[PDB]
Amino acid sequence: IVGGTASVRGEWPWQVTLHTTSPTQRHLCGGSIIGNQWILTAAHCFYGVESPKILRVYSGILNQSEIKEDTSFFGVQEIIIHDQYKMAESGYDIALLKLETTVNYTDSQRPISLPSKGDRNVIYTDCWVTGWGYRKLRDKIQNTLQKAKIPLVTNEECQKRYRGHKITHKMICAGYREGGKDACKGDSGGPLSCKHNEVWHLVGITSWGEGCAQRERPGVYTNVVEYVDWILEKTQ
Ligand SMILES: [O-][n+]1cc(-c2c(-n3cnnn3)ccc(Cl)c2F)ccc1[C@@H](CC1CC1)n1cc(-c2c(F)cncc2Cl)cn1
């Protein structure tokens, strides 16, 4: 996260850190708890992941340094990538992780709601991006989960900033015209979380952008409301 600040324990309890263990253990992507056995993340995360065997899902983590050899994690039973996914910039950047067992929800590990049926024309004005990613283009993965408030951009404006890409209704963009706050390397797969009527909704999945927090180059997120039917089909 560029231009963000440290979170405190329990502040984003749907946020998980997805680790790979091949050839060594490290943070790979963010993700969001959406059900007791379900994580929503980005399809692009699994480029070069040979199978679910090497994945570990950690919940309730504030600092990456908390994770040691006896820290409990969830195994991944299945990776479900959208059938039309080809590359992040061309959309369909969405994946479900089915966990091997059910998360018991606690103060540190909680689900986030999907965008609600009948909220298609809500204007979300309280949106946040969170993650352990770089604070700038050439940086490092952060120990403490970071947060930043970022405004949504219309798809019309976003397309004008990305005339070499097809910005579709299945994407949502977010960023300041002057730049300075954005996701960056290591944040992808995590949530764009928006609060409406004091309930948090998983509005976006951190996906791609040109650079990090550059002027007039918003971050691009998978528009989760356009995939609710797909999510419900796979999770039922
Ligand atoms: O995370 N992430 C974020 C953006 C992004 C950008 N960026 C544009 N240029 N950089 N970021 C801008 C806006 C938005 Cl919304 C974005 F989602 C683009 C790509 C990525 C991911 C893909 C990769 C998982 C498949 N990634 C993670 C690392 C990485 C690393 F480098 C060092 N150690 C550990 C890690 Cl996991 C590198 N890439």
# chains A, B, ... in the order shown; residues from 1 in each chain; ligands from 1

call {"tool": "residues_around", "arguments": {"residues": "residue A:206", "least_positions_apart": "2", "cutoff": "6 Å", "atoms": "only C-alpha atoms", "output": "list in words"}}
result
residues 188, 189, 190 and 221 of chain A

call {"tool": "write_last_selection", "arguments": {"atoms": "C-alpha atoms", "output": "PDB file, in the first residue's frame"}}
result
ATOM      1  CA  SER A 188      -3.149  -8.060  -5.135  1.00  0.00           C
ATOM      2  CA  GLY A 189      -5.889 -10.485  -4.205  1.00  0.00           C
ATOM      3  CA  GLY A 190      -6.786  -8.457  -1.129  1.00  0.00           C
ATOM      4  CA  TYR A 221     -10.016  -3.919  -9.101  1.00  0.00           C
TER       5      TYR A 221
END

call {"tool": "residues_around", "arguments": {"residues": "residue A:116", "least_positions_apart": "3", "cutoff": "9 Å", "atoms": "only C-alpha atoms", "output": "list in words"}}
result
residues 113, 119, 120, 201 and 225 of chain A

call {"tool": "residues_near_ligand", "arguments": {"ligand": "ligand 1", "cutoff": "6 Å", "atoms": "only C-alpha atoms and all ligand atoms", "output": "PyMOL selection string"}}
result
chain A and resi 27-29+44-45+141+183-188+206-212+219-221

call {"tool": "write_last_selection", "arguments": {"atoms": "N, CA and C atoms", "output": "compact mmCIF listing (two decimals), in the first residue's frame"}}
result
# COMPACT_ATOMS: atom_id res chain seq x y z
N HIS A 27 4.84 -14.62 1.79
CA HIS A 27 3.57 -14.03 1.39
C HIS A 27 3.48 -13.94 -0.13
N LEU A 28 2.35 -14.38 -0.67
CA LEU A 28 2.08 -14.36 -2.10
C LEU A 28 1.02 -13.33 -2.47
N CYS A 29 -0.08 -13.29 -1.73
CA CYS A 29 -1.22 -12.46 -2.10
C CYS A 29 -2.06 -12.21 -0.88
N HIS A 44 -4.71 -14.13 -10.73
CA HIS A 44 -3.32 -13.91 -11.12
C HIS A 44 -2.34 -14.40 -10.07
N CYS A 45 -2.77 -14.49 -8.81
CA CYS A 45 -1.90 -14.97 -7.74
C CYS A 45 -1.34 -16.35 -8.02
N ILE A 141 8.02 -6.20 1.01
CA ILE A 141 6.79 -6.57 1.70
C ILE A 141 6.87 -6.05 3.13
N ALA A 183 -2.81 0.60 -4.14
CA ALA A 183 -2.18 -0.69 -3.92
C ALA A 183 -0.84 -0.75 -4.65
N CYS A 184 -0.02 -1.71 -4.26
CA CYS A 184 1.24 -1.93 -4.96
C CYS A 184 1.60 -3.41 -4.84
N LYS A 185 2.82 -3.76 -5.23
CA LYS A 185 3.25 -5.16 -5.31
C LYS A 185 3.07 -5.87 -3.97
N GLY A 186 2.31 -6.96 -3.99
CA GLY A 186 2.04 -7.74 -2.81
C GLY A 186 0.66 -7.51 -2.23
N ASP A 187 -0.06 -6.52 -2.74
CA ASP A 187 -1.42 -6.26 -2.28
C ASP A 187 -2.47 -6.99 -3.09
N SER A 188 -2.13 -7.47 -4.28
CA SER A 188 -3.15 -8.06 -5.14
C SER A 188 -3.80 -9.26 -4.46
N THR A 206 -8.20 -6.39 -5.37
CA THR A 206 -7.03 -5.70 -5.88
C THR A 206 -6.40 -6.48 -7.03
N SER A 207 -6.27 -5.83 -8.20
CA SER A 207 -5.91 -6.57 -9.41
C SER A 207 -4.68 -6.04 -10.16
N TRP A 208 -4.71 -4.81 -10.68
CA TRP A 208 -3.58 -4.34 -11.48
C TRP A 208 -3.61 -2.82 -11.58
N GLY A 209 -2.52 -2.27 -12.10
CA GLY A 209 -2.45 -0.85 -12.38
C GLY A 209 -1.12 -0.54 -13.03
N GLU A 210 -1.03 0.65 -13.61
CA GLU A 210 0.20 1.10 -14.25
C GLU A 210 1.05 1.80 -13.20
N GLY A 211 2.11 1.14 -12.75
CA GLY A 211 2.85 1.69 -11.63
C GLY A 211 2.03 1.63 -10.35
N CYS A 212 2.48 2.38 -9.35
CA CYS A 212 1.85 2.41 -8.04
C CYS A 212 1.62 3.86 -7.63
N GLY A 219 -5.73 2.52 -9.56
CA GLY A 219 -5.70 1.08 -9.44
C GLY A 219 -6.98 0.47 -9.98
N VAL A 220 -6.86 -0.75 -10.50
CA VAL A 220 -7.97 -1.45 -11.14
C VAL A 220 -8.26 -2.68 -10.31
N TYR A 221 -9.55 -2.88 -10.00
CA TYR A 221 -10.02 -3.92 -9.10
C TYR A 221 -11.07 -4.75 -9.82

call {"tool": "residues_around", "arguments": {"residues": "residue A:112", "least_positions_apart": "4", "cutoff": "7 Å", "atoms": "only C-alpha atoms", "output": "NGL selection string"}}
result
:A and (14 or 33-34 or 200-202)

call {"tool": "write_last_selection", "arguments": {"atoms": "N, CA and C atoms", "output": "PDB file, in the first residue's frame"}}
result
ATOM      1  N   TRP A  14     -11.404  -9.767   8.019  1.00  0.00           N
ATOM      2  CA  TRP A  14     -11.586 -10.616   6.848  1.00  0.00           C
ATOM      3  C   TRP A  14     -10.324 -10.736   6.005  1.00  0.00           C
ATOM      4  N   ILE A  33     -11.911 -13.358   3.654  1.00  0.00           N
ATOM      5  CA  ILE A  33     -12.840 -14.382   4.138  1.00  0.00           C
ATOM      6  C   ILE A  33     -14.258 -14.005   3.727  1.00  0.00           C
ATOM      7  N   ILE A  34     -14.911 -14.864   2.941  1.00  0.00           N
ATOM      8  CA  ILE A  34     -16.319 -14.658   2.597  1.00  0.00           C
ATOM      9  C   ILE A  34     -17.220 -15.779   3.086  1.00  0.00           C
ATOM     10  N   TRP A 200     -19.673  -3.557   6.208  1.00  0.00           N
ATOM     11  CA  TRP A 200     -18.609  -3.645   5.221  1.00  0.00           C
ATOM     12  C   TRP A 200     -18.998  -4.584   4.089  1.00  0.00           C
ATOM     13  N   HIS A 201     -18.659  -4.186   2.866  1.00  0.00           N
ATOM     14  CA  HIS A 201     -18.924  -4.977   1.671  1.00  0.00           C
ATOM     15  C   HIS A 201     -17.652  -5.133   0.859  1.00  0.00           C
ATOM     16  N   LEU A 202     -17.454  -6.334   0.309  1.00  0.00           N
ATOM     17  CA  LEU A 202     -16.292  -6.630  -0.532  1.00  0.00           C
ATOM     18  C   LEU A 202     -16.597  -6.130  -1.937  1.00  0.00           C
TER      19      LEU A 202
END

call {"tool": "select_by_dssp", "arguments": {"residues": "stretch 80-172 of chain A", "states": "alpha helix (DSSP H)", "output": "list in words"}}
result
residues 155, 156, 157, 158, 159, 160 and 161 of chain A

call {"tool": "write_last_selection", "arguments": {"atoms": "C-alpha atoms", "output": "compact mmCIF listing (two decimals), in the first residue's frame"}}
result
# COMPACT_ATOMS: atom_id res chain seq x y z
CA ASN A 155 -15.44 3.58 -15.50
CA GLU A 156 -15.56 6.39 -18.07
CA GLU A 157 -12.68 8.24 -16.39
CA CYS A 158 -10.78 5.00 -15.84
CA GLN A 159 -11.00 4.06 -19.52
CA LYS A 160 -9.60 7.48 -20.46
CA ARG A 161 -6.55 6.75 -18.27

call {"tool": "closest_atom_pairs", "arguments": {"of": "stretch 50-98 of chain A", "to": "stretch 8-11 of chain A", "cutoff": "9 Å", "atoms": "only C-alpha atoms", "output": "CSV"}}
result
residue,atom,partner,partner_atom,distance
A:60,CA,A:10,CA,7.2
A:61,CA,A:9,CA,7.8
A:62,CA,A:9,CA,5.7
A:63,CA,A:9,CA,8.9

call {"tool": "residues_around", "arguments": {"residues": "residue A:142", "least_positions_apart": "4", "cutoff": "8 Å", "atoms": "only C-alpha atoms", "output": "ChimeraX atom specification"}}
result
/A:64,132-135,146
